[PDB]
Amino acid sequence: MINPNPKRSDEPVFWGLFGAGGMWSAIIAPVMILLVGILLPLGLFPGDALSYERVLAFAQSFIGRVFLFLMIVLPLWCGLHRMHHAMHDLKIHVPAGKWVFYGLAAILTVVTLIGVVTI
């Protein structure tokens, strides 16, 4: 019954990504949700550290661009990867799972790549 010789899985690429994704997201997202999610919108910051001028100065620097890219993209691969598996475990039947989720990532990757090559 157990087949003689199975076909290699594709998963090591997605797992590879989701690996970096989950790792980055784990170390860095906390701080980031704090700043953008709570500190900035509540004005709880020294002088003008999170003023529209300063953010932009950083966003337009080389480091900033690279940084924002990873920051947006890495957790996307991780999280989407996970939602894809959540479908199976939750017993939900999804047409073209890999194409939907991993597609969605690739798009937003691009949307982002564009975004940080500047709009």
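For every residue, the number given is its place in the sequence shown, counted from 1.
K.L.:
22-30 versus 43-51: which one carries the higher mean Cα B factor per the record?
P.N.:
Mean C-alpha B-factor is greater for 43-51.
K.L.:
Averaging the C-alpha B factors as listed in the entry, name the stretch that ends up higher: 6-14 or 107-115.
P.N.:
According to the entry, 6-14 carries the higher average C-alpha B-factor.
K.L.:
Comparing residue 35 with the other modelled residues of its chain, is its CA B-factor in the lowest, middle or highest third?
P.N.:
As the PDB entry reports it, the C-alpha B-factor of residue 35 lands in the lowest third of its chain.
K.L.:
Looking at the temperature factor on the CA atom of residue 92, which third of the chain's modelled residues does it land in?
P.N.:
Highest third - that is where residue 92 ends up once the chain's C-alpha B-factors are sorted.
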